[PDB]
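Here you get one chain, nothing else, as C-alpha cells; it is the form deposited in one PDB entry.
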C-alpha cells in the first residue's frame, strides 16, 4: 500500500501552533500524564492545527496503516539539556513540553495507557540507551538490534498504536517496521497462524529488573504467570483481506508438539526479518505505529553516553479504554495491571 507510511510535514505556523498548545498544557498541569490533563486531553487535542487533525484522522481509519509520521515539531536542543543516563532520570523539567505534545497527538487516535510493570507505571515513557544494557532485549539497548515485535504482544490489552516522539537522534538511527503480506507467506501458513497454536511471553521490560526496586511485587505476579504458563494464542486475527498481526521475534514459540505451527512461525520470522524497512525519526518527528498491522524494532548503534545520545518519548494508545477496565484500578486510571 503506497500510503502505508502517511507523512505530514508541519509548516512553521503548524509547528509553532502545536508548541504553543503543549507549552499551555505545561503551564497548567504538573506531569504530561497527570490525571487532570488526561481527562482534558481528548478536547485539548482538538486545538491542534486542523490540516494536521485531518491527516491524523485519515491514518486512524486506514486499516492498512504501518505508521503516521508528523515531521518538523519544534525541539529546542539547548533548552532540552543532556540525554539522561536512565529512563528513571528522564522525567526532566525541560522535556515536559514534549511529553504533553506526544499525549495531545496520541489523543487524536485513542486513549493513552501505561503498564504497572513497565517504567514504574509511567504513561509517557522514555527510549534512550543505558550503559550496561547495550546487549539487552529492551529499548535501552544500542549495540544489539532491538528485535522486531508487536508492543506487549503477550497481552490482550496491547496498544493499537505506539507513539514515538524523537527529541534527538544525531546518528540518524532507524526504527524498523514490517507488515505481513498474506499472499507472500501462503494461504497454508496464514491458516496455521490464525490458529491458537502459539505461546507469546511478556518481554523483559515487564520484569522487576527493569523497574524501581520499591515497586509492588503484586504488579509482577501476572507477568511471571504469563512467562511460566502462556495461553495458546493466534498470531493473525480479523478479516483474511486485512489481518492483524501479533508476534514478538524473541518471545514467541509454537505450542509443544505442533510441527506445522513451529514451521509457520519459522517461515513468518524469516519473511518479517527481510521485509523489515527503516524509518528515521529526526528531532521533532512524531510517529504512530499501527500495532495491529506492523512489528517494529531499532537498528544497532554505538551510544556515546556523553549526554548527546538518541532520546524518544513514547506512549501506548488504545482505541477502546473501556475494554481493559478489568485490568485498571478505576475508571480514569490508565495503568494496565493495577487490577
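Residue numbers count along the first chain shown, from 1. Rigid core: the largest C-alpha set superposing within 1.5 Å between the two forms.
- Across the other compared structures of the same protein with both neighbouring residues present, residue 216 lacks coordinates in at least a third.
- Omission of residue 164 is seen in none of the other entries compared for this protein where the adjacent residues are built, far below a third.
- Taking the mean C-alpha B-factor of each stretch as recorded, 270-278 and 51-59 are not equal, and the higher mean is that of 270-278.
- If you average the C-alpha B-factors over 144-152 and over 197-205, the higher value belongs to 197-205.
- The residue among 138, 245, 102, 221 whose C-alpha carries the highest B-factor in the deposited model is 221.
- Of the residues listed, 241, 160, 126, 120, the entry assigns the biggest Cα temperature factor to 241.
- For residue 31, the recorded CA temperature factor ranks within the middle third of the chain's modelled residues.
- Residue-level temperature factors show residue 5 in the middle third of its chain, judged at the C-alpha atom.
- Ranked within its chain, residue 296 lands in the lowest third, by CA B factor from the PDB record.
- In the PDB entry, a CA B factor belonging to the highest third of its chain's modelled residues is recorded for residue 237.
- Per the deposited record, the Cα B-factor of residue 84 falls in the middle third when ranked against the other modelled residues of its chain.
Missing here is the form deposited in another entry; even so, the following discussion is about that form.
- Core superposition between this form and the one not shown leaves every listed residue (108, 262, 80, 226) with a C-alpha shift below 2 angstroms except 226.
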